[PDB]
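S.K.: Whatever this is, show me its structure:
(chains A, B, C, D, E, F, G and H)
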Amino acid sequence: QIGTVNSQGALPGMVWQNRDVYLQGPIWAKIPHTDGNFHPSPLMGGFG
Amino acid sequence: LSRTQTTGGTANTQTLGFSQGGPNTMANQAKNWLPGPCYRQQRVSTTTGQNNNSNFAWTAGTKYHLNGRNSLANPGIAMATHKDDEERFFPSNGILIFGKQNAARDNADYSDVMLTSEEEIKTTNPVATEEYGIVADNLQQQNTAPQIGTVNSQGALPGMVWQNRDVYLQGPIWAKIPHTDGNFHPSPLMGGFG
Amino acid sequence: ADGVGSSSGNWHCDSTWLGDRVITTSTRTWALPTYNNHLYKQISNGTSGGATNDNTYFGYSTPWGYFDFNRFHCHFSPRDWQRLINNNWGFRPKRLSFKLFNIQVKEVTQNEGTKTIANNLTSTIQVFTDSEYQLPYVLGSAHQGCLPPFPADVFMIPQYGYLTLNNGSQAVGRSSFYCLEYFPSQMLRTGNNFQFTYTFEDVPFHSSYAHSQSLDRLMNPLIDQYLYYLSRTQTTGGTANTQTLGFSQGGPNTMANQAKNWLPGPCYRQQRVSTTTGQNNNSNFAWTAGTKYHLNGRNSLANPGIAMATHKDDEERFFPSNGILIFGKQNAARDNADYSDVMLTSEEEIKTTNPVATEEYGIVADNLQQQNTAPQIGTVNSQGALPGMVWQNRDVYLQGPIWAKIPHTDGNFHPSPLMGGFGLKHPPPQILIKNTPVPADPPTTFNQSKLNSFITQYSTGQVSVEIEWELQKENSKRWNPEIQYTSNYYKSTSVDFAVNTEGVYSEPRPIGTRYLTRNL
Amino acid sequence: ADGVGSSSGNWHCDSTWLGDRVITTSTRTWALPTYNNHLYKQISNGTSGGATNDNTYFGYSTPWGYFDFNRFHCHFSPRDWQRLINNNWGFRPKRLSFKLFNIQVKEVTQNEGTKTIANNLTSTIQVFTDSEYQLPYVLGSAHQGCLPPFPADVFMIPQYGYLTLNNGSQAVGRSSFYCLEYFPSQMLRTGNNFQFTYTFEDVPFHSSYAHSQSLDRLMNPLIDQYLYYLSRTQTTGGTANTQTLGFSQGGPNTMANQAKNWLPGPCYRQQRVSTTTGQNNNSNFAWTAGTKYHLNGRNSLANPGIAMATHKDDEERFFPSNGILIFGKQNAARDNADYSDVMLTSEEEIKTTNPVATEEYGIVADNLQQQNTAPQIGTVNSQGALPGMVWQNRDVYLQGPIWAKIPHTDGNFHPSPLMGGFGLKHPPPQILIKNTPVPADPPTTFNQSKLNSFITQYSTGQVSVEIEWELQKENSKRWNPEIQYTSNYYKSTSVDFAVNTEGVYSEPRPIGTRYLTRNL
Amino acid sequence: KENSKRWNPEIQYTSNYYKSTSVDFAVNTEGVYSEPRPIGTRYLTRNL
Amino acid sequence: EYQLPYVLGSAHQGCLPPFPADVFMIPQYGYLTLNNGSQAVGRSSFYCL
Amino acid sequence: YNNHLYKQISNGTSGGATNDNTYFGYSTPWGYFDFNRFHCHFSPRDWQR
Amino acid sequence: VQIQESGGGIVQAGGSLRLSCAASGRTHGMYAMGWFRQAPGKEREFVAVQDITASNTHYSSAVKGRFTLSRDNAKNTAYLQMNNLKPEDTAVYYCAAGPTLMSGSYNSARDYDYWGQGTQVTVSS
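M.R.: Numbers count the residues shown, from 1 in each chain, chains lettered A, B, ... in the order given. The coordinates are given below.
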């Protein structure tokens, strides 16, 4: 029997690209000040 | 928390009770670290009479899905090949397999190939053919009994530690890390130096 | 010089607050007994005795003992802990000193029923530090036997032991045996002393603060977004109600719908328990419903697990089953202690950035909808790291641990110890101590068997530890007053954090670090 | 300074691997008792008691004792021995240091039935080394009483004694008596220590390797020789078969016939015994069939004798009667121990260069043949050195001895000790130690008889020994992998070379040095 | 380099002692080189 | 460095000829290692030149 | 030699050789120079001198 | 590692009784061998103990001056001889063994690994 993976967190060996930026879109965001974060690139796009 | 119910003659009502972890309960003690990630593989025996009678290598295989294509995760992330005294079992697409000299290109017999074993990393890494663990499904209450669920794939959690796959004299040395915005622990999955 | 009649050190208990630094120093009196009658012993546990497979082990107990100061109340008085947590955004350890001095070896002889004790002036103790990390490191498991919180108490030194690989109760070829006499060691008579220094590696400040914002509230409440979201898939009208697409901008009245930059941290879901017992299911579910991980055929509880919020708003009666730290009250039983005998911590502050331990992380899509099939969703009960997650670590307590050793591995993810505190690749080294064996009179004809006939001995002395801590000052522009840790004003039979009529020191409650606030 | 309350040394157990050198250091705890009630005694054994003439002796036992570290497990842990034998073609000793420190003298008094023990702070011990080799040298006989292999064990010091010339149980005019108080000696109270250093003389490296060729196979297998051998003395034909001479060249199919440059080493033939007992003759032949030498009317077993191969191929169940070293397993009986209680070594590696201990060396001619008389041959059961012989020494073991003293004589031949190890003309000196006698109260009227009324005493302390060893690195171009010494992979109740549940250390098997290979 | 204080002996990779028709990691009668088994790197041990 | 089996010194054919005008063939190199019957043993060595 | 190959060679009792003549070894593609006889270096007149 | 009792019996007051004990294997064990007794409805009491070399020996106060403890390493056995018996010496005697002898702790039961089945000794007047 098999099962379907609908959400998957980071595995060793993954590679990915960030979302693209647009002329109408945002440039930067402030990285929240926290104990930990993972790949702090803002999800709407641009520079963390 | 060691006890949710009274142990007694008849009633057996709700209670809370607590114990310290010690030499005879190690499974219950508080710990600092977690085992590494898991992506579960199907188990195959080298004693063939123990396998299901059907051709499942592709249809039961462990796969990833990219742009409408299915590709086997071969060998995949580093996991222990089997647990103790289980050596006859291996993950379906989860190990490196070399050939013996003069082995055929297609449909070679088991006696013509050599199977590697990642058995050493069993200390830090989950076994490729079992679940990572158990979590809670629901909210229990006086009306509803508690339910659990099985974790067959688990990404990185804070506190995980793990080992990489081993390297072999017959095997590869390096790989090129793809040029991308992000990656996680770029150690090549067939083994060697990224 | 150092001799029988001179003391080799002084009593130092003090704290000094200087600028951005605080220095603590503690002295205690210890007693060390001979363990295992000077022997090494193989120890194991297996199913044959009736233990479950989950509890099996193989290892060795040693004649040695070790010093442990890995709890914060070793270094801080309750008032000092108040100074720290009310005034500072963070702190970390910098360096330490250790001293061992004023050593007394005593011999005890048994005759008939009477027991007598005398000095033995020529006996030694042996001491070494494992500076190269060549021994199994058993600090960082939260064991009993640290220096006592109260400086007048005299404590016993715990026995050193370790585990190696097992299969059931048997060992395997990879199992390791260690002899601790195989290291260099310093020998001390009653006039000698011992000391060393250590420097901590760079580590991030512990965050002692709560966030005053939540991750889903970071927007300006007065303004609309320029982005759009899908607000309507169906026409709202008199009768038909056909398919349509419609779109809206996110604004003050729909914050749940707005576009955001960040995600909450990871989740591994725990079962919920109430302190009002009539609300719990009637059954014994602590183990069978517990949250577990699975390693080499063994099941182990994830205890406490990853940092998650203990409960949501107005839920304080609920806690995760194995998901919190639980301390004991003084004179609490070892087994089956009642709820009134223990103290439950709460991680409630990190509720701003972290999911609550007893709920799902969220919802995803199961299927592909279409005209023929309605859409289906599914519940996410465990979620690993996603790009864009932020999270807080578990808090530290005055009763709790300070550091742990990061295991030596190819890879790790965010190596902050799950019981709390500072992860270190080169932690403070472990310190081993033993009484040197003294034979009882041998036979007068030679015999090759090892002598196992000894004079009973124990030793006592003083130990000092000094740690320097770096502080991170609070910079806030907040106008209104903060929450502070404070003692109660009202009258009571006893004083909190003092001795009682019988002389017994106790700690009334656990005290965390997070009082001051900071913007998210 | 050195006083009652300060320690005079530290515990050193370590090994350091540096380039071509390894340095071992060991520390143990010892107990020394008073021997012979402070007396010298004549000892002898003679036929009158019922001993055979072969066992008679005459000698003296002394009040003194001595230190002995002449076994390899004194200096090497089992893991260190593995590092040595898997990586190196040879090794030899270079220099040593010795220390004696932290000394405690105790007095024991007997009253009614109860026994009590106290310190005596003013008593001494005496220590000296015999650097000029003026005493009978009893090291090198493989006696019990060396430092223990396991560093946590406490050992008793053995009593010194020696033999001189005898006739039956009587002495002769040439017999020598020695008083050990007649040397200079150092006296130590509880604050004193003792040390010295020693340098080994040049000695050949022990060969730790087996040959990958055999002495009769050194030829090129593809080519003929240009020499000839007598291949035929008679015509091969229909009927007559008369005398003839015929000659052939040696080649690939006749290697037994080819001309060669070298001969196998010497032989002194041993009787063969099987570990499958039903294959042995039914009789008690251990002494009566034993291999012996004969000196001054006494018979002595040649045990182990000269180095010979233990068995040939596929013969492993056989061994020479007195021709091998045999160790005991832990708790093996002193007398009549069963085969399962002992461990038999095997010299099987030297089978390439050395004759097998249980076969003849070869064949020679007895007579002069002629037309009248057919030729006769004879079997060579013992063969001394011939020009052109080459041979290997016996191997060394982790449980076995290190050096022996070469007797001082006009001549010797290849002075390598037959039990194995390094022959030395100036070995490490023997170290003598004694408790100084303390009189009980004398009478108050003078009496000339020597005082023989003493206070019972014993002493304890620590001893350190440090040896530097030189290594010879392996240079091989062999393509395929070597044989290595390794631990077993499979699971077991206990770990090999560790303590058990009771605390007892044991050594499961003997371990030799020969794993790597080398061309002949 | 390996720094261990382990007292008992390690597992090592070793060739087999017993006799056989061919030598492992050599040529055969026909001249063909072969590799009998895969060989990993993990033999020595280390504390976790 | 004397790392190969040394097959000189067995008095084989194939040395330079005594008479200087003769032209000679070079002999083929080979060697032996340990055997048991026709089988090899674990100590047997293989060399690639 | 050997068409550029290394070859395992052996001889055993199975073929009918006696135990005294058994061997195991390898032949190589290489060859070697040998001047280990005195007539390589000396003419008969020189040997007389 | 079995300890085995022998020599049990019933005796009139003043007689000389002899208890014996044997073991099997681990002569690198059985370093210390001794005796305890538990009278009817009463606490187990240490009686005697002696080590391998016979250097160190201890007797209980009640026991002293009446019992003697001896040992034979060859047979791997130990004997207890008993003289001038009093009926309060009715008890169940256990042979007991351990790897070590300590000067402070020898009279505690915590220090013995192995225990026999026991013997019943009766003493009447």
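S.K.: only C-alpha atoms for contact and neighbour calcs from this point on.
M.R.: Will do.
S.K.: residue contacts, the closest residue in space to residue A:8 that isn't next to it in sequence?
M.R.: Excluding the flanking residues, the one nearest residue A:8 by C-alpha to C-alpha, 6 or more residues apart in numbering or on different chains is residue B:155, at 6.3 Å. Counting by C-alpha atoms under 8 Å, 6 or more residues apart in numbering or on different chains, residue B:155 makes contact with A:8, A:9, A:10, A:11, B:37, B:38, C:383, C:384, C:385.
S.K.: any idea how far the second one is from residue A:2?
M.R.: When C-alpha to C-alpha, to the nearest Å is the yardstick, residue A:9 and residue A:2 sit 19 Å from each other.
S.K.: Check the third one too.
M.R.: Per C-alpha to C-alpha, residue A:10 is found 21 Å from residue A:2.
S.K.: just the strands in chain A please.
M.R.: A:14-16, A:36-37 (DSSP state E).
S.K.: now those strands in JSON lines, with distance to residue H:49?
M.R.: Below are those laid out as JSON lines (distance: least, C-alpha to C-alpha, whole Å):
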{"stretch": "strand A:14-16", "distance to residue H:49": "69"}
{"stretch": "strand A:36-37", "distance to residue H:49": "64"}
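S.K.: Report the beta-bridge partners for the closest residue to residue H:120 other than its chain neighbours.
M.R.: Spatial nearest neighbour of residue H:120, chain neighbours left out: residue H:92 (4.7 Å); criterion: C-alpha to C-alpha, 6+ apart. Assessed by DSSP bridges, residue H:92 has beta-bridge partners residue H:38, residue H:120.
S.K.: Counting neighbours, what do you get for residue H:92?
M.R.: For residue H:92, the tally of surrounding residues (other C-alpha atoms under 10 Å in any protein chain shown) stands at 18.
S.K.: Now do the contacts for it.
M.R.: H:37, H:38, H:39, H:118, H:119, H:120, H:121.
S.K.: residues in contact with the residue lying closest to the first one once chain neighbours are set aside?
M.R.: It refers to residue H:37. Counting by C-alpha to C-alpha, 6+ apart, residue H:93 is the residue found nearest to residue H:37 once chain neighbours are left out, at 4.1 Å. With contacts defined as C-alpha under 8 Å, 6+ apart, residue H:93 is in contact with H:35, H:36, H:37, H:38, H:118, H:119, H:120, H:121.
S.K.: And the residue in chain A positioned nearest to chain E, how close does it get to residue B:66?
M.R.: Proximity to chain E, evaluated over chain A using C-alpha to the nearest C-alpha, is greatest for residue A:12 at 20.5 Å. Using C-alpha to C-alpha, we find residue A:12 at a distance of 17 Å from residue B:66.
S.K.: got it, and residue A:3?
M.R.: Taking C-alpha to C-alpha, one finds residue A:3 at 17 Å from residue B:66.
S.K.: List phi and psi for the spatially most central residue of chain H.
M.R.: For chain H, the residue nearest the mean C-alpha position is residue H:35 (2.1 Å; C-alpha atoms, centre = their mean). Note on residue H:35: backbone dihedrals following degrees, to the nearest 10 are phi -130, psi 140.
S.K.: who's in contact with it?
M.R.: Counting by C-alpha under 8 Å, 6+ apart, residue H:35 has contacts H:46, H:47, H:48, H:49, H:93, H:94, H:95, H:96.
S.K.: so how far is stretch H:102-121 off the chain centroid?
M.R.: 8 Å (C-alpha atoms, centre = their mean, to the nearest Å).
S.K.: Please apply the same query to stretch H:35-46.
M.R.: 11 Å.
S.K.: got it, and stretch H:26-45?
M.R.: Stretch H:26-45 sits 6 Å away from the centroid of its parent chain (C-alpha atoms, centre = their mean).
S.K.: Likewise for stretch H:15-32?
M.R.: 8 Å.
S.K.: residues of it that come out buried?
M.R.: H:17, H:19, H:20, H:21, H:22, H:23, H:27, H:28, H:29, H:30, H:31, H:32 (16 or more other C-alpha atoms under 10 Å in any protein chain shown).
S.K.: gap between the second one and chain F?
M.R.: In this structure, residue H:19 and chain F are separated by 59 Å, where distance is defined by C-alpha to the nearest C-alpha, to the nearest Å.
S.K.: Name the SS class of that residue, please.
M.R.: strand (DSSP: H, G, I helix; E, B strand; the rest coil).
S.K.: what pairs with it across the strands?
M.R.: Residue H:19 has these beta-bridge partners by DSSP bridges: residue H:80.
S.K.: Look up how far chain G lies from it.
M.R.: On the measure of C-alpha to the nearest C-alpha, residue H:19 and chain G end up 67 Å apart.
S.K.: Show me where chain H has its strands.
M.R.: H:4-6, H:9-12, H:17-22, H:32-38, H:45-50, H:57-59, H:67-72, H:77-82, H:91-98, H:101-102, H:114-115, H:119-124.
S.K.: Which strands and helices lie in contact with the third one?
M.R.: Helices and strands touching strand H:17-22, by 3 or more C-alpha pairs under 8 Å, 6 or more residues apart in numbering or on different chains; DSSP states H and E, are strand H:4-6, strand H:77-82.
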